[PDB]
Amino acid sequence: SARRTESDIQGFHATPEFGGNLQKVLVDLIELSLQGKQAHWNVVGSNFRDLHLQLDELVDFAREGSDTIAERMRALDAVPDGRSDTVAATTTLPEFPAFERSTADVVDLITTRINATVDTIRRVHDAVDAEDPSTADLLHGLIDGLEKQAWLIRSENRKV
């Protein structure tokens, strides 16, 4: 037998900094989600359908992404905060307009916010990775996914 004795083995808990870094990624993921739906509903113009559908896909990814980070925070004993007031006050994403926007302006607007969201993740990467690699892999999924969304969307307005 190589069995341990301990009857109260605890789990890995994150430092205050780690939790704060994930909280930063959470509010931006939620803000991207909210802006994503906004764009999804108010976009109009050439190739409306394509963008209308792609935006919902980006939202699906953002929502499952935010849930993953939030639950990951819970796992490491951190407490996430995704309430509306908190998101609006702490998000680093540029405010999205409130009215109808042409497909061309939606492509640029959202592409910018996806990138803003990816910059947050790339900014906290090295710190969350140094403390917990396993969490860094989740961020890699977010980065790859979001950046792929950016590509799919931005390509609509490309030169040649």
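One-based numbering along the sequence shown.
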- Query: According to the deposited model, is the average Cα temperature factor higher in 2 to 10 or in 149 to 157?
  - Reply: 2 to 10
- Query: Highest CA temperature factor in the entry: which of 116, 29, 69, 98?
  - Reply: 98
- Message: Split into thirds by Cα B-factor across the chain's modelled residues, where does residue 40 land: lowest, middle or highest?
- Response: lowest
- Would the CA B-factor of residue 54 place it in the lowest, middle or highest third of its chain? lowest
- Modelled-residue ranking by C-alpha temperature factor, third containing residue 46: highest
- If you rank the chain by CA B-factor, which third does residue 88 end up in: lowest, middle or highest? middle
- Message: How does the C-alpha B factor of residue 112 compare with the rest of the chain: lowest, middle or highest third?
- Response: middle
